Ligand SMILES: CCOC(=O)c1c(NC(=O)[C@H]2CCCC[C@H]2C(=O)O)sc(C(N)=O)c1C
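Take a look at this one chain, the form deposited without the ligand, written out in structure tokens.
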């Protein structure tokens, strides 16, 4: 089930991500950092607490997301979000709530790559991450 999404997952593609970091609320130096750093997303499960480490070549953030429940996330930029995390047989939706504003992060398995299709409301990013094993 969720162990199809586990491992070190290394960033290659990020189409839509300039427009999505603009619509989130990300400053221009943080937008340059997030695009140039090239993140490795490391997923590993205890049961409901799913450990997600973002290793980028510039900044870093690590969190255990409670699967079928909300938690307080702190973003790599600075914003803090009330985040409900749900796996629907293939797709992990991380639903990020702050100040009446949602960001929806759909991490799903396509051809042995973790394809992260995010949407704020209208504005999207499609990020392709490859398995390091």
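Residue numbers count along the first chain shown, from 1.
Quick note: we don't show the form solved in complex with the ligand, though the next part is all about it.
Counting ligand atoms within 2.4 Å of backbone or C-beta atoms, the overlay of the ligand from its pose in the bound PDB entry onto the shown chain yields 3 or more, and the pocket is blocked. In the bound PDB entry, at least one heavy atom of residue 118 sits within 4.5 Å of a heavy atom of the ligand. At least one heavy atom of residue 59 is located within 4.5 Å of the ligand in the bound PDB entry.
Shown alone here, residue 54 lies within 4.5 Å of the ligand in the bound PDB entry, counting heavy atoms only. Residue contact check for residue 97: none of its heavy atoms lie within 4.5 Å of the ligand in the bound PDB entry. With contact defined as any non-hydrogen atom lying within 4.5 angstroms of the ligand in the bound PDB entry, the contacting residues in 74 to 98 are 76, 77, given in sequence order.
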